[PDB]
There are 2 protein chains.
Amino acid sequence: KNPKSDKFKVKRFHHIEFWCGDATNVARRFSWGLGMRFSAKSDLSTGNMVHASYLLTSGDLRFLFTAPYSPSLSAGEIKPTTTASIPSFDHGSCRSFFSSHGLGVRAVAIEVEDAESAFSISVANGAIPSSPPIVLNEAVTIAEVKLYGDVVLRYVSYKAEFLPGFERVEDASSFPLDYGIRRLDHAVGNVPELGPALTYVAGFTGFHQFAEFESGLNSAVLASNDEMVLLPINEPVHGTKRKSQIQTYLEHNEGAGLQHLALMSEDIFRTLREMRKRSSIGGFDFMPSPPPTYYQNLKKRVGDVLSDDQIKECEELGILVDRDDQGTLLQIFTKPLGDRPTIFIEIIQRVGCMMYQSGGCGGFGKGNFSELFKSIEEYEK
Amino acid sequence: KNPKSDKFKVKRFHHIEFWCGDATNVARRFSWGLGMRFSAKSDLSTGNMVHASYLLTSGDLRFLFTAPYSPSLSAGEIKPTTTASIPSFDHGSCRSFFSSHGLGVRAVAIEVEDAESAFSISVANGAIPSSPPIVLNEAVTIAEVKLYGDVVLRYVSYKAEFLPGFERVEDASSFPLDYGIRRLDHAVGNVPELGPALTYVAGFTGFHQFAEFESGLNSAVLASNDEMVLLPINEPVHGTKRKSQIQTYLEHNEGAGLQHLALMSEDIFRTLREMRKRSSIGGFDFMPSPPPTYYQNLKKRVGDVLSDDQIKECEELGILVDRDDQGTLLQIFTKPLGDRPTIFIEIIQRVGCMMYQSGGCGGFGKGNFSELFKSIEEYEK
Ligand SMILES: Cn1c(=O)n(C2CCCC2)c(=O)c2cc(Cl)c(C(=O)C3=C(O)C=CCC3=O)cc21
Ligand SMILES: Cn1c(=O)n(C2CCCC2)c(=O)c2cc(Cl)c(C(=O)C3=C(O)C=CCC3=O)cc21
Ligand SMILES: [Co+2]
Ligand SMILES: [Co+2]
């Protein structure tokens with residue numbers, strides 16, 4: 001069931017912003033690693049004396065990477081006179097964020113019809129304000145509320161190119177990398193307690209609990225009216241024998257935060273081939289491959305949907321496959337993006353639910369937990 | 001003249017250590033960008049609950065990248081019980097360094113016969129101590145004194161694999177990249193005042209002023225007995241019309257620090273081809289090419305040393321060429337390595353001075369300052 005109870009008009013995921021200590025180096029690593037083009041900058045060369053910000057794009061996916069300059073460059077400025085293109089930026093908040101969490105996501109940004117309204121209704125409905133609505137060059141309105149930990153949910157709206165004050169990067173610097181990634185499918189948070197996190201977030205957005213369908217997790221997924229903004233949230237399951245990865249996250253991250261970003265590919269096989277080509281020459285590493293018994297059991301479960309060749313192609317690249325009652329899900333997980341065992345990336349592709357494809361088609365992989373336990377039974381097979 | 005007045009036995013450059021906020025991402029960028037292999041780690045997977053450290057190697061060149069974990073992982077430790085493989089590391093110093101300077105070099109490390117002696121004699125002779133000598137697993141001794149700004153000169157000595165507590169990385173993770181870079185030739189500091197910086201450093205090392213031979217700089221080069229450790233130091237020339245780049249460095253870096261690392265290649269042409277192949281897909285950018293009039297004038301100056309083809313090959317890659325009274329120098333400069341216009345890299349190759357090649361053969365490029373002014377005269381040619 002879908003109550004469609006959004007308290008304001010939500011469009012799509014708009015961008016993800018990483019807070020870094022050096023934005024240049026993270027952005028160049030991510031660009032090679034994921035096949036994302038350099039498409040806009042805001043930094044010293046564009047008159048920004050406050051922060052360096054570099055935008056990477058692949059399809060509709062927008063990864064923003066921001067780091068602070070020395071405060072002494074902008075010490076003579078005040079908020080009315082600022083050179084920062086993102087007015088919510090704060091030297092102190094950014095340094096504290098990065099020293100506390102290391103590299104990670106500061107903002108999950110969603111486009112909305114009216115960001116000032118979305119902020120007002122949100123704060124009216126329990127949201128902890130983070131940065132009040134600000135109208136940039138009479139063109140774009142930007143507002144931030146607290147989502148969980150030190151991650152903000154960022155509203156952006158356009159009357160009618162990323163943000164004012166950003167320049168398009170010179171194409172001689174802009175190499176058209178592309179490994180098939182196209183949009184953000186879901187962004188997932190880890191918290192110590194799922195209940196209060198849920199009722200807080202659903203409280204101020206009006207997002208509803210999404211469909212879906214004993215290892216470490218309890219989760220639930222919040223979704224907008226058309227279920228194109230998908231916001232899962234995890235909590236640890238204490239007391240088990242293998243320590244909860246959610247609990248390991250909270251310890252190394254110093255509390256709640258964004259656990260993983262799921263990027264949709266239009267061709268998960270080409271994406272995974274290309275990312276695996278570059279794992280050891282600057283790119284990203286991937287979780288260990290499941291045992292071939294896993295793949296010796298997928299014929300009995302999705303042989304309907306994938307040919308005997310594609311199932312073997314899955315075995316090469318280490319792809320995981322799950323299946324809702326409507327669609328099928330292909331998914332794989334990277335190793336952590338940085339020093340800490342905290343944030344990681346998930347590459348996915350969804351097959352089914354044609355009307356366009358409806359959101360969350362196939363789910364998030366729920367069945368693959370029990371299916372990997374009863375496949376790591378291969379020790380005598 | 002060479003007094004050979006080293007106050008202790010100095011061998012060669014041993015490694016350069018960058019202090020970062022995320023060591024993983026800088027190291028992977030640098031590895032792709034410079035063609036350096038991953039050869040050793042010390043991090044959570046090796047029991048280090050304090051810092052993540054990743055070593056890149058090309059030839060004898062060793063780039064070390066270190067970032068702090070959350071202090072809470074090691075809060076129950078004391079210095080006698082530490083899990084840090086580098087005992088001089090300090091969460092507070094590292095965070096303060098990186099928030100103050102951004103990405104940059106924390107240590108210039110030189111191998112010496114006896115690091116405890118080198119520290120004692122150094123401190124006896126004016127050196128500001130930074131970390132006292134510590135003997136690691138009865139195998140390696142490590143000591144640090146202040147060099148300039150927040151950069152330390154690090155002494156290391158071996159009784160008889162990088163450091164104890166580092167592991168060699170699994171070769172499946174270790175891709176044998178190589179673009180021809182082989183060793184560190186010189187490491188250069190910017191300071192506000194050259195005199196006191198000079199007499200401080202020469203004071204405690206016994207290094208002597210090196211050979212050599214109106215834009216922005218005053219410099220001088222300190223050198224060990226065999227002149228294989230070369231430590232130039234710059235100061236700004238105020239009052240000119242084009243603001244001193246040294247002065248721009250001091251402002252954006254928040255004071256003195258390491259300005260550039262010069263890496264020797266055994267084939268500057270293959271190095272520059274390979275690095276330029278990767279500039280826009282994660283690697284490093286290079287300074288703007290000099291005008292072809294520069295290259296139309298190199299025949300008259302080094303046509304003795306380089307064929308008409310190699311001189312044109314220089315023009316492709318943007319290589320600069322200078323000439324001492326003994327040798328010839330090929331050199332080119334990258335754009336800054338990170339967000340700030342502070343640290344950058346220089347690729348060089350030296351031709352001449354065969355006895356082995358003697359240090360500093362060809363100099364450091366002194367003649368190329370006046371030669372670029374009187375070549376940017378091409379506006380009417
Ligand atoms: C399917 N699956 C899995 O099998 N494992 C295996 C791999 C071997 C050991 C345990 C995971 O670790 C794993 C981890 C995550 Cl975060 C997800 C995931 O995407 C996810 C969501 O998007 C939303 C809510 C909960 C949720 O779990 C799926 C996983
Ligand atoms: C030769 N040369 C040059 O021509 N320029 C040009 C390029 C167009 C505008 C000015 C430089 O900026 C430049 C910069 C540096 Cl740091 C060096 C260099 O390596 C160096 C040392 O190693 C040691 C002491 C001093 C010193 O200067 C050489 C340069
Ligand atoms: Co997921
Ligand atoms: Co130099």
# chains A, B, ... in the order shown; residues from 1 in each chain; ligands from 1
>>> residues_near_ligand(ligand="ligand 3", cutoff="12 Å", atoms="only C-alpha atoms and all ligand atoms", output="NGL selection string")
:A and (184-190 or 219-221 or 230-234 or 258-264 or 320 or 322 or 329-334 or 343-349 or 360 or 362-366 or 368)
>>> write_last_selection(atoms="N, CA and C atoms", output="compact mmCIF listing (two decimals), in the first residue's frame")
# COMPACT_ATOMS: atom_id res chain seq x y z
N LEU A 184 21.06 7.78 -8.95
CA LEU A 184 21.06 7.28 -7.58
C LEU A 184 19.75 6.56 -7.30
N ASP A 185 19.84 5.31 -6.85
CA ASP A 185 18.64 4.54 -6.60
C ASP A 185 18.16 4.68 -5.17
N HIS A 186 19.07 4.53 -4.20
CA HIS A 186 18.74 4.78 -2.80
C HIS A 186 20.00 5.15 -2.02
N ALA A 187 19.79 5.88 -0.92
CA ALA A 187 20.85 6.29 0.00
C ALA A 187 20.48 5.88 1.41
N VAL A 188 21.38 5.14 2.06
CA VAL A 188 21.06 4.34 3.23
C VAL A 188 21.84 4.87 4.44
N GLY A 189 21.14 5.04 5.56
CA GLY A 189 21.75 5.49 6.81
C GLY A 189 21.84 4.37 7.84
N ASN A 190 22.92 4.39 8.63
CA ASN A 190 23.02 3.56 9.82
C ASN A 190 22.76 4.42 11.06
N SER A 219 16.02 -3.21 9.38
CA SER A 219 15.97 -2.10 8.45
C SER A 219 14.52 -1.80 8.09
N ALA A 220 14.34 -0.65 7.45
CA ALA A 220 13.06 -0.22 6.91
C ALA A 220 13.37 0.87 5.91
N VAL A 221 12.47 1.08 4.95
CA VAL A 221 12.73 1.97 3.83
C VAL A 221 11.64 3.02 3.75
N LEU A 230 14.25 6.98 -2.24
CA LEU A 230 14.23 5.81 -1.36
C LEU A 230 15.33 5.97 -0.32
N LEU A 231 14.94 5.92 0.95
CA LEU A 231 15.82 6.23 2.07
C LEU A 231 15.74 5.10 3.09
N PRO A 232 16.44 3.99 2.85
CA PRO A 232 16.54 2.95 3.88
C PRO A 232 17.28 3.46 5.12
N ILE A 233 17.01 2.81 6.26
CA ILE A 233 17.73 3.07 7.51
C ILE A 233 17.97 1.76 8.23
N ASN A 234 19.20 1.54 8.69
CA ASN A 234 19.60 0.35 9.43
C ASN A 234 19.84 0.66 10.90
N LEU A 258 25.70 8.10 6.81
CA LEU A 258 25.34 7.43 5.57
C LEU A 258 26.20 6.19 5.39
N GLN A 259 25.56 5.03 5.26
CA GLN A 259 26.28 3.77 5.12
C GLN A 259 26.62 3.43 3.67
N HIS A 260 25.65 3.50 2.75
CA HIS A 260 26.01 3.24 1.36
C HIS A 260 25.08 3.96 0.39
N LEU A 261 25.64 4.24 -0.79
CA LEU A 261 24.92 4.80 -1.93
C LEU A 261 24.74 3.70 -2.96
N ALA A 262 23.51 3.52 -3.44
CA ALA A 262 23.23 2.52 -4.48
C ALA A 262 23.03 3.22 -5.81
N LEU A 263 23.93 2.95 -6.75
CA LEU A 263 23.92 3.59 -8.06
C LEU A 263 23.34 2.63 -9.08
N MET A 264 22.29 3.06 -9.79
CA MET A 264 21.71 2.24 -10.85
C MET A 264 22.58 2.31 -12.12
N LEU A 320 25.45 -10.38 -7.27
CA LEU A 320 24.40 -11.00 -6.48
C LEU A 320 23.06 -10.75 -7.15
N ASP A 322 18.68 -11.13 -6.53
CA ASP A 322 17.52 -11.37 -5.69
C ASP A 322 16.26 -11.08 -6.49
N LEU A 329 16.48 -8.24 -8.97
CA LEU A 329 17.50 -7.27 -8.59
C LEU A 329 18.90 -7.84 -8.78
N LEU A 330 19.74 -7.13 -9.53
CA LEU A 330 21.16 -7.42 -9.59
C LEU A 330 21.93 -6.40 -8.75
N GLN A 331 22.86 -6.87 -7.92
CA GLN A 331 23.52 -5.99 -6.97
C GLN A 331 24.91 -6.51 -6.61
N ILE A 332 25.83 -5.58 -6.36
CA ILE A 332 27.16 -5.90 -5.85
C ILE A 332 27.65 -4.71 -5.03
N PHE A 333 28.54 -4.99 -4.07
CA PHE A 333 29.00 -4.01 -3.10
C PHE A 333 30.50 -3.78 -3.23
N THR A 334 30.91 -2.52 -3.18
CA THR A 334 32.33 -2.22 -3.11
C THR A 334 32.86 -2.44 -1.70
N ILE A 343 31.55 4.08 4.91
CA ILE A 343 30.75 4.22 3.70
C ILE A 343 31.26 3.29 2.61
N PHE A 344 30.34 2.73 1.82
CA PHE A 344 30.69 1.97 0.61
C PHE A 344 29.64 2.24 -0.47
N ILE A 345 29.85 1.66 -1.65
CA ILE A 345 28.96 1.88 -2.78
C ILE A 345 28.35 0.55 -3.21
N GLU A 346 27.13 0.61 -3.75
CA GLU A 346 26.44 -0.54 -4.31
C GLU A 346 26.07 -0.21 -5.74
N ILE A 347 26.38 -1.11 -6.65
CA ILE A 347 25.96 -1.00 -8.04
C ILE A 347 24.80 -1.96 -8.24
N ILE A 348 23.73 -1.48 -8.88
CA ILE A 348 22.54 -2.29 -9.06
C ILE A 348 21.99 -2.10 -10.46
N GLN A 349 21.18 -3.07 -10.85
CA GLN A 349 20.30 -2.95 -12.01
C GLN A 349 19.01 -3.70 -11.72
N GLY A 360 12.11 0.85 -6.66
CA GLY A 360 12.34 -0.26 -5.75
C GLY A 360 12.04 -1.61 -6.34
N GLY A 362 12.11 -5.08 -7.35
CA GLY A 362 12.95 -6.16 -6.91
C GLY A 362 13.39 -6.04 -5.47
N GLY A 363 13.26 -4.86 -4.88
CA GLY A 363 13.59 -4.66 -3.49
C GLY A 363 15.02 -4.19 -3.29
N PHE A 364 15.65 -4.65 -2.21
CA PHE A 364 16.99 -4.19 -1.85
C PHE A 364 17.95 -5.34 -1.59
N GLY A 365 17.52 -6.57 -1.76
CA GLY A 365 18.38 -7.72 -1.62
C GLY A 365 18.07 -8.57 -0.43
N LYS A 366 16.88 -8.43 0.16
CA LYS A 366 16.56 -9.09 1.43
C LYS A 366 16.84 -10.59 1.38
N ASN A 368 18.99 -12.30 -0.21
CA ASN A 368 20.38 -12.70 -0.40
C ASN A 368 21.13 -12.90 0.92
>>> interface_residues(of="chain A", to="chain B", cutoff="6 Å", atoms="only C-alpha atoms", output="list in words")
residues 21, 22, 24, 25, 26, 28, 29, 32, 173, 175, 280, 281, 282, 338 and 339 of chain A
>>> atom_distance(atom1="atom CA of residue B:110", atom2="atom CA of residue B:16")
9.0 Å
>>> residues_around(residues="residue A:85", least_positions_apart="6", cutoff="9 Å", atoms="only C-alpha atoms", output="list in words")
residues 42, 43, 48, 50, 51, 53, 136, 163, 164, 165 and 166 of chain A
>>> select_by_dssp(residues="stretch 125-204 of chain B", states="alpha helix (DSSP H)", output="PyMOL selection string")
chain B and resi 194-204
>>> write_last_selection(atoms="N, CA, C and O atoms", output="CSV table (one decimal), in the first residue's frame")
chain,number,residue,atom,x,y,z
B,194,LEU,N,65.0,33.6,4.1
B,194,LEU,CA,65.9,32.5,3.7
B,194,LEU,C,67.1,32.4,4.6
B,194,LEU,O,67.5,31.3,4.9
B,195,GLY,N,67.7,33.6,5.0
B,195,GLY,CA,68.8,33.6,5.9
B,195,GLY,C,68.7,32.7,7.2
B,195,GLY,O,69.5,31.8,7.3
B,196,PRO,N,67.8,33.1,8.1
B,196,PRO,CA,67.7,32.3,9.3
B,196,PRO,C,67.3,30.8,9.1
B,196,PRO,O,67.7,29.9,9.8
B,197,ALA,N,66.4,30.6,8.1
B,197,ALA,CA,66.1,29.2,7.7
B,197,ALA,C,67.4,28.5,7.3
B,197,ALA,O,67.7,27.3,7.7
B,198,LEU,N,68.2,29.1,6.4
B,198,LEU,CA,69.5,28.5,6.0
B,198,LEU,C,70.4,28.2,7.2
B,198,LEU,O,70.8,27.1,7.5
B,199,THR,N,70.7,29.2,8.0
B,199,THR,CA,71.7,29.0,9.1
B,199,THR,C,71.2,28.1,10.1
B,199,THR,O,72.0,27.4,10.8
B,200,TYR,N,69.9,28.0,10.4
B,200,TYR,CA,69.3,26.9,11.2
B,200,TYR,C,69.6,25.5,10.7
B,200,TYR,O,70.2,24.7,11.4
B,201,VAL,N,69.3,25.3,9.4
B,201,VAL,CA,69.3,23.9,8.9
B,201,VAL,C,70.8,23.5,8.7
B,201,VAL,O,71.2,22.4,9.1
B,202,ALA,N,71.6,24.4,8.0
B,202,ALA,CA,73.0,24.1,7.9
B,202,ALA,C,73.6,24.0,9.3
B,202,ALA,O,74.6,23.3,9.5
B,203,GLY,N,73.1,24.7,10.2
B,203,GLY,CA,73.6,24.7,11.6
B,203,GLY,C,73.7,23.4,12.2
B,203,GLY,O,74.7,22.9,12.7
B,204,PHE,N,72.5,22.6,12.1
B,204,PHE,CA,72.5,21.3,12.8
B,204,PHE,C,72.9,20.1,12.0
B,204,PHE,O,73.2,19.1,12.5
>>> residues_around(residues="residue A:128", least_positions_apart="4", cutoff="10 Å", atoms="only C-alpha atoms", output="list in words")
residues 119, 122, 123, 124, 144, 145, 146, 147, 148, 152, 200 and 204 of chain A
>>> write_last_selection(atoms="N, CA, C and O atoms", output="compact mmCIF listing (two decimals), in the first residue's frame")
# COMPACT_ATOMS: atom_id res chain seq x y z
N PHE A 119 11.17 23.39 3.43
CA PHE A 119 11.83 23.65 4.71
C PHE A 119 10.81 24.04 5.79
O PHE A 119 10.88 23.57 6.93
N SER A 122 8.63 21.11 6.72
CA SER A 122 9.48 20.15 7.42
C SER A 122 9.72 20.59 8.86
O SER A 122 9.47 19.82 9.80
N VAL A 123 10.23 21.81 9.05
CA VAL A 123 10.48 22.28 10.41
C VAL A 123 9.18 22.35 11.20
O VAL A 123 9.14 21.98 12.38
N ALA A 124 8.09 22.80 10.56
CA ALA A 124 6.78 22.74 11.21
C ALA A 124 6.47 21.34 11.71
O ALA A 124 5.77 21.18 12.71
N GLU A 144 18.35 23.25 4.17
CA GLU A 144 18.89 22.03 4.78
C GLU A 144 18.26 21.78 6.15
O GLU A 144 18.15 22.70 6.97
N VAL A 145 17.87 20.53 6.39
CA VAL A 145 17.44 20.06 7.70
C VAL A 145 18.28 18.85 8.08
O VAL A 145 18.91 18.20 7.24
N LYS A 146 18.28 18.53 9.37
CA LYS A 146 19.04 17.39 9.86
C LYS A 146 18.34 16.09 9.50
O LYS A 146 17.12 15.97 9.67
N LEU A 147 19.10 15.12 8.98
CA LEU A 147 18.55 13.82 8.58
C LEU A 147 18.89 12.74 9.61
O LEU A 147 17.99 12.11 10.17
N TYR A 148 20.17 12.53 9.87
CA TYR A 148 20.62 11.65 10.95
C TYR A 148 22.12 11.86 11.11
O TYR A 148 22.81 12.22 10.14
N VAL A 152 22.75 15.98 6.54
CA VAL A 152 21.58 16.81 6.31
C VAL A 152 20.85 16.33 5.06
O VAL A 152 21.46 15.86 4.08
N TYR A 200 11.08 10.15 13.31
CA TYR A 200 11.56 11.50 13.03
C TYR A 200 11.49 11.83 11.53
O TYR A 200 10.90 12.84 11.13
N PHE A 204 8.62 14.44 9.45
CA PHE A 204 8.67 15.74 8.80
C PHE A 204 8.56 15.69 7.28
O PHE A 204 8.24 16.71 6.66
>>> closest_residue(among="B:371, B:212, B:309, B:235", to="residue B:327", atoms="only C-alpha atoms")
B:212
>>> closest_residue(among="A:114, A:60, A:161, A:214", to="ligand 1", atoms="only C-alpha atoms and all ligand atoms")
A:214
>>> residues_around(residues="residue A:293", least_positions_apart="3", cutoff="8 Å", atoms="only C-alpha atoms", output="list in words")
residues 296, 297, 375, 376 and 378 of chain A
>>> residues_around(residues="residue B:139", least_positions_apart="2", cutoff="9 Å", atoms="only C-alpha atoms", output="list in words")
residues 135, 136, 137, 141, 157, 158, 159, 160, 163 and 164 of chain B
>>> residues_around(residues="residue B:207", least_positions_apart="2", cutoff="8 Å", atoms="only C-alpha atoms", output="list in words")
residues 4, 5, 6, 201, 202, 203, 205, 209, 222, 223, 224 and 225 of chain B
>>> decode(residues="stretch 283-294 of chain A", atoms="N, CA and C atoms", output="compact mmCIF listing (two decimals), in the first residue's frame")
# COMPACT_ATOMS: atom_id res chain seq x y z
N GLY A 283 41.12 2.63 -8.86
CA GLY A 283 39.68 2.57 -8.71
C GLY A 283 39.21 2.04 -7.36
N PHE A 284 38.13 1.27 -7.40
CA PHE A 284 37.49 0.72 -6.23
C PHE A 284 37.59 -0.80 -6.23
N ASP A 285 37.70 -1.37 -5.04
CA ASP A 285 37.67 -2.80 -4.81
C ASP A 285 36.25 -3.24 -4.53
N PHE A 286 36.01 -4.54 -4.70
CA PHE A 286 34.69 -5.13 -4.54
C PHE A 286 34.74 -6.18 -3.45
N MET A 287 33.60 -6.38 -2.78
CA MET A 287 33.42 -7.43 -1.78
C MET A 287 33.94 -8.76 -2.34
N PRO A 288 34.34 -9.70 -1.50
CA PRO A 288 34.74 -11.02 -2.01
C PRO A 288 33.60 -11.70 -2.77
N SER A 289 33.96 -12.44 -3.82
CA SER A 289 32.94 -13.13 -4.61
C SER A 289 32.27 -14.22 -3.78
N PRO A 290 30.97 -14.45 -4.00
CA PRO A 290 30.30 -15.55 -3.34
C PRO A 290 30.79 -16.88 -3.89
N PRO A 291 30.58 -17.98 -3.16
CA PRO A 291 31.09 -19.26 -3.63
C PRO A 291 30.29 -19.75 -4.82
N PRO A 292 30.91 -20.54 -5.72
CA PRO A 292 30.20 -20.96 -6.93
C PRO A 292 28.92 -21.73 -6.66
N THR A 293 28.77 -22.31 -5.46
CA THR A 293 27.52 -22.92 -5.06
C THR A 293 26.37 -21.92 -5.08
N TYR A 294 26.64 -20.67 -4.69
CA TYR A 294 25.65 -19.61 -4.89
C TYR A 294 25.20 -19.58 -6.33
